[PDB]
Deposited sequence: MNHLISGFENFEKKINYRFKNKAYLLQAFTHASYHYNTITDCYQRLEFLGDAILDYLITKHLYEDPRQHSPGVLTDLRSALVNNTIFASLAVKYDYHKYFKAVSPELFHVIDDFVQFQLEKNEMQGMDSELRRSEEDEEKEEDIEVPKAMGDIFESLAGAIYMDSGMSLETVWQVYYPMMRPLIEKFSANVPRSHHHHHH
């Protein structure tokens, strides 16, 4: 191994410590990362985290005292639950530094996207960065004994600025 080396720094950035680091490793393992022979890649956990985040965001929007009407609920959800915004948040919280892959093509797309985001429509969005925003939510869920509340404790702080920005002026 060197597989889990360095993960403590990520845990500090999102403020969550894994009990079973295998979940965190799985979350960050791309299908091309053949050097990880101890867990699967992140796809199963992405499948799970995807629905988890959809539910948590939906619930938050539904409960917001601003009492959005249905068309607005729908627009807000569309704008907060999509691969592009999930990627932008992943790179904002350094997920790309712990991602594991073997892909010069991913490197290129991620690198351009990360640069472009820091200076902030035809920039290519790296879908994998959105996918690990989802997979990590799944990992946290699984690590905490299937606790939605733990996931939201971690994820709400990262999403709150866009939630507030969009809920004041809906795209």
item: Stretches with no C-alpha atoms in the model, relative to the deposited sequence starting at 1; value: 1, 122-141, 193-200
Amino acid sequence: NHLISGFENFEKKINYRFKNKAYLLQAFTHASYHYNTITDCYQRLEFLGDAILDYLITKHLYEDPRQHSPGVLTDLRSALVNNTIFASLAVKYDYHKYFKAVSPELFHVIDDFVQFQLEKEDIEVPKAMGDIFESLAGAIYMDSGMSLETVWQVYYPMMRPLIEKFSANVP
From here on, numbers count along this sequence of modelled residues.
| item | value |
| --- | --- |
| 63-71 or 39-47, whichever carries the higher mean Cα B-factor | 63-71 |
| 110-118 or 140-148, whichever carries the higher mean Cα B-factor | 110-118 |
| Residue 154 by Cα B-factor - lowest, middle or highest third of the modelled chain | middle |
| Chain-relative CA temperature factor third for residue 14 | highest |
| Within-chain third of residue 162 by Cα B-factor, per the entry | highest |
